[PDB]
Each structure stands twice: as C-alpha cells, then as structure tokens.
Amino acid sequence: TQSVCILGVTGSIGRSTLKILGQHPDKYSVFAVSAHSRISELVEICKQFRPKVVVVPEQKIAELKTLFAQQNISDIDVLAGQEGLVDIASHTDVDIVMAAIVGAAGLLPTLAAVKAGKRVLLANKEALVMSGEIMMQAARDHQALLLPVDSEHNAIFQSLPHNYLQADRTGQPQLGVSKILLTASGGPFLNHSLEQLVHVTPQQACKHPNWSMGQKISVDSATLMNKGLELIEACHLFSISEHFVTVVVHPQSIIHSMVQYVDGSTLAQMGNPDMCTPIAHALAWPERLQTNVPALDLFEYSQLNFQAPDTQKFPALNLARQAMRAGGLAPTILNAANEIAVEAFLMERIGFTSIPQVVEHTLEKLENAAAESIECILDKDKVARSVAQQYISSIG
C-alpha cells in the first residue's frame, strides 16, 4: 500500500485521481492534498480520504480552519503556500505524487517531487514546458519515475518500445522509432470561420465536445496552444527534436496518439475519452490497474477521421514549434504570455483572436537566453508576464 500526494486535488485531474484511488483503498492511501480556492470541496475530500496534511495559499488558511472547526475535523496538518506544496510533494512518507496543479504555479512542487525521487504522475504540462531538460535530468539524477498523464503522451508512452526510458537521449528517435503523430481534437472551433473566431466567448471556449476539463486547458484546446505545449512536452519527455513529432487533427478524440516505426508499423493507444485510463496506467505502471472506464466499443464509435491542422487559422501551433526549435527560455516565455493572455480573454478583457497575438508579441519583444537554472526560468517568466500584460493593456 502506497501513499499519494495529490497536488491540485479539487480540479478535473485531481477528481479523476480521487475516483481511481477510491476504487482501490487497499493499494493506495492519500497522505497529502492541495487546493487553491475550492475550499469546501477540499473539506469534503478530506472527510472522505483523511490526508495527514493539506495545503492552501496563505490567504485561505483562515477560511479553511474555520471550516475544519465546524466539522470538528482535527488531526489534519495545515501548511501554506508554495513552500507547503514543496514540503508535501517531497515528504518522506509520500510514495506517489500526482502533479495536477495548472500552469506555472505547479513547477516548484512538481520539480520538488522529481528531485525527491517520487513516482511523479505528470499532468501539469506547463511545468515541463518551462523547465525541460532541468526537470528531465533531475528525474534521471534522482531515479524519479516520471510518468506522463497527459493523454497523448501516455498514449505515446504505451506505443513506444517498452524500455525507451533507458535509451540514448540524443534528440533522435531510437529502437526503430521514426515519427510520433501527436493527435489533436482541433478544439470546439475547428470548423469555425475567422469571423466567428473573432467573437468567440469564454463560455464557448470552455465547453469542450469530448473532454470535461478546467478552463485553461479548455481554452488552450480551442486555441491549439494546448497542442503547442504538448509538442514541447513530448519533445522533452521522450527526448526527441520537434521535427519528428507530427500533429494530426482527429475530431473524435478516440485515438490518443501514435508512434511510427521504420518497418512501416504504427502503434496506437485509443479508448473512450476518460482521463481515468491514463491516470490509472501511470499510477500502476508497469502493472495494469482495473478501472471502471468502459471498454472502447468501435461498433458505437464506428468512424475515425484525420486531417492536417490549419496553422494559419490557429497560429499558436507554429508559435510553440518556434519556441521549441529556439530552445532555452523560449517555451517559458511562450507559456507565461499564453497564461496571462488566456486569463485576460477569460476575463473578457481581450478577444479570442488576440490570444496568440500577445504571445507572438512577447516572444518577439523579450529576448531569449539559455535555460540555465530554475532561478533564470522564474525570472524570465515574470518578465514575460510583464511584457504580455503591457501589450494587452495597450489594446484595450
């Protein structure tokens, strides 16, 4: 029986993780948990799973303790902030860490888990997009089991030769691999015209037709910046250069991604769209874990389609590939700019079409440099956020 620390338990990924862990209390206990604003959901979670430690930002500690007071919930240690996130992500008594915080805020805890040699289920893709080879080299230097939860990357992991982890990291495919096809749903506005793209509303962006998710990844999916981020993520996780990864639009989102081989083989992972599958896989790897996700029924889902992405209508993809080829702090700049642009759009301060625009501007305005350390990364991230906020405010 292994202990789990869930970072961002109240979110979409956190809740799918809770489902799986609740089906297997004999294999997994919950030791630590973190939330950022959904405090009463967190209290109910605490009742059901009785963690030893919980974390919230400082400006919520009070509101949480008062709640714990009502339910007469005692015995739960309460820590605050990024510092509590790191402490629980690298805790002596934790065995597995689900990194399900959203965006850059998850970088320090996640990396911490990596440096403590935990089994790290990487859902927070932004952390890897920011830290790249630092996080990967740290996983290797501390024997951290860094397993992908992002559905495409889990699909690729499952479609690679089984010991691909221990292969020569050279940027070049290995062991017969020749290409990776990174599937994409194309977002809810795949077939929208530029006219309606210009006037998309937040509610529309957030309603994904296949996956029920948080707002940030919903928008990124509508915008195809999610797929840009996932291209960067795949390049780091599997240590491959970007021009070996090909994006494929697949509206049904039943095939999750593909690996192609030098003998003409293409291996795939597919299934009903339910993050519980890849969560269970990463959690139990190398063992398979029973879940309640129904078996894929191809008589009901009897058609699958594919097509090339429209990188003129969704320029975020070429921006991400850009950052990747540039390397260094380019993915960090991109990620920070996109974070505050998505934020500004969700707050109806900017139009949908403007989201990539601010990203591009930031990337053209702020200059790149080597990703030498986490300090440098956080620094460049702050500066990119500033540049992007300024550009925004100058367009209304």
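A residue's number is simply how far along the shown sequence it sits, counting from 1.
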ask   = Would 3-11 or 387-395 have the larger average of its C-alpha temperature factors, as given in the entry?
value = 387-395
query = According to the deposited model, is the average Cα temperature factor higher in 65-73 or in 23-31?
reply = 65-73
inquiry  = Just the C-alpha B-factor column, please: which of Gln174, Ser253, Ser265, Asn191 has the biggest number?
reply    = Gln174
query = Looking at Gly187, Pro273, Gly214, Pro278, which has the highest CA B-factor as recorded?
reply = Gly214
task = Relative to the other modelled residues of the same chain, rank the CA B-factor of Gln303 and answer lowest, middle or highest third.
result = middle
request  = Please rank the C-alpha B-factors of the chain's modelled residues and tell me whether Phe157 sits in the lowest, middle or highest third.
outcome  = lowest
inquiry  = Using only modelled residues of the chain, where does the Cα B factor of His91 rank: lowest third, middle third or highest third?
reply    = middle
request  = Taking the values exactly as deposited, rank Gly81 by C-alpha B-factor within its chain and report the matching third: lowest, middle or highest.
outcome  = middle
task = Within this chain's modelled residues, let me know which third the CA B factor of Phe314 belongs to: lowest, middle or highest.
result = middle
